[PDB]
Amino acid sequence: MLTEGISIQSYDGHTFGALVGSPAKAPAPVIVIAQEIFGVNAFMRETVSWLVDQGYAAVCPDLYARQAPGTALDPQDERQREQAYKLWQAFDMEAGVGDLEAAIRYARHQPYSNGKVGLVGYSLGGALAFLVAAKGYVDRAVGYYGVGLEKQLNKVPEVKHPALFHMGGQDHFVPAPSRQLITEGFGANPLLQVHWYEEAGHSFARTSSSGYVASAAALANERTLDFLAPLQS
């Protein structure tokens, strides 16, 4: 689902929609939410809802719109998971960073905006949050279980604004040697924080996942809220 009528334009001219939640009280900082591999679906709407209840406005852009606008897949339907994996394999990461940059600019200028913008991404959106943190587009970025982070560590010194990452210790995408490289690499830049949740794997913060772990979701989420709180007026 997207908010009808909302259109954001990327630097290259491509336009796409977004699910937007205005804040309970304005002005308010705006959080851009970077989707998992399933499009803008129930978990995105639940996240927009959660962040508005916590005092933010939120914008979740349709990142798969360069491939197929309006994709919203059910993570529990096997056929749709197959379609999600196909979309992810074809996804242009650099264009996704550019689309997020455009959603971040949009977020800075809504009537309800206090001028500060944060970014929270999950899975695919978690990998994109690191790349956005290296570009410096937002005041603070958060990523939950992005894949392939160990391949992007040369960008660590590029990060110049705070970024927080939540990683599942039992995530099969991150074997022990990868977790060690990430830990060592992040340690060289104090603006980066990465926390490991030992009893959780991928997607641990989504209730519909067979990998949901309530205790790790709750700890990670409270750390996310404490980390974004300084953006509030």
Side-chain angles (χ1 to χ4, degrees), residues 1-4 6-20 32-48 58-104 119-135 141-152 155 165-168 170-175 178 182 200-213 217:
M1 73 300 268
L2 303 171
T3 298
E4 282 186 35
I6 299 290
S7 187
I8 296 171
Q9 190 174 43
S10 191
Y11 176 93
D12 73 353
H14 172 248
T15 61
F16 51 93
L19 175 62
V20 176
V32 169
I33 305 163
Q35 56 174 76
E36 293 175 302
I37 63 166
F38 300 105
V40 184
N41 64 359
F43 176 68
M44 291 289 109
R45 182 206 69 71
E46 282 161 18
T47 302
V48 168
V59 174
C60 176
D62 192 17
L63 301 184
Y64 284 157
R66 293 174 179 268
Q67 298 160 72
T71 288
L73 304 168
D74 176 356
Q76 286 182 348
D77 180 274
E78 298 164 23
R79 159 294 157 191
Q80 292 176 40
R81 288 183 73 77
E82 296 161 357
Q83 168 68 307
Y85 282 116
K86 186 175 193 174
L87 291 165
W88 180 22
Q89 181 51 213
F91 185 79
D92 183 330
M93 298 284 284
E94 180 169 315
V97 170
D99 288 346
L100 284 171
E101 180 277 338
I104 288 164
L119 177 140
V120 171
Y122 301 83
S123 188
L124 166 58
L128 289 158
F130 184 67
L131 295 180
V132 168
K135 296 301 202 169
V142 179
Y144 284 71
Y145 33 82
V147 172
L149 178 56
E150 79 278 358
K151 297 177 47 72
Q152 306 294 330
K155 300 178 184 295
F165 291 85
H166 302 290
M167 306 284 282
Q170 303 186 352
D171 190 333
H172 188 27
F173 288 116
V174 194
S178 292
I182 290 158
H202 208 74
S203 309
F204 70 76
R206 175 156 56 76
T207 59
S208 57
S209 173
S210 67
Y212 178 64
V213 180

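Nothing fancy with the numbering, it's 1 onward along the sequence.
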Can you check whether [Y]'s main-chain N or O pairs, donor with acceptor, with [X]'s side chain at less than 3.5 Å?
| X | Y | result |
| --- | --- | --- |
| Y145 | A205 | yes |
| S203 | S209 | no |
| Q76 | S208 | yes |
| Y64 | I37 | yes |
| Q80 | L73 | no |

What are the two closest non-hydrogen atoms of [X] and [Y], and how far apart are they?
| X | Y | value |
| --- | --- | --- |
| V59 | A18 | CG1-CB, 4.0 Å |
| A72 | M1 | CB-N, 3.9 Å |
| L128 | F91 | CD1-CE2, 4.0 Å |
| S123 | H202 | OG-NE2, 2.8 Å |

Spacing of [atom1] belonging to [X] relative to [atom2] belonging to [Y], to within rounding of 0.5 Å:
| X | Y | atom1 | atom2 | result |
| --- | --- | --- | --- | --- |
| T47 | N41 | OG1 | CG | 9.0 Å |
| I33 | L100 | CD1 | CG | 11.5 Å |
| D92 | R66 | CG | CZ | 7.0 Å |

> Parallel, tilted or perpendicular: which describes the rings of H14 and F16, with under 30° parallel and over 60° perpendicular?
Replying inline: parallel
>> Once you measure the plane-to-plane angle for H166 and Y144, does it fall in the parallel (<30°), tilted (30-60°) or perpendicular (>60°) bin?
In response: tilted
>> ring pair (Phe, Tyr, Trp, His ring centres under 6.0 Å), that's the test. Do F38 and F43 meet it? Break it down for me.
In response: CA-CA 9 Å; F38 300 105; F43 176 68; 9.8 Å; no
>> Taking the basic N atoms (NZ, or NE/NH1/NH2) and the acidic carboxylate oxygens, is any pair closer than 4.0 Å for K135 and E101?
In response: no
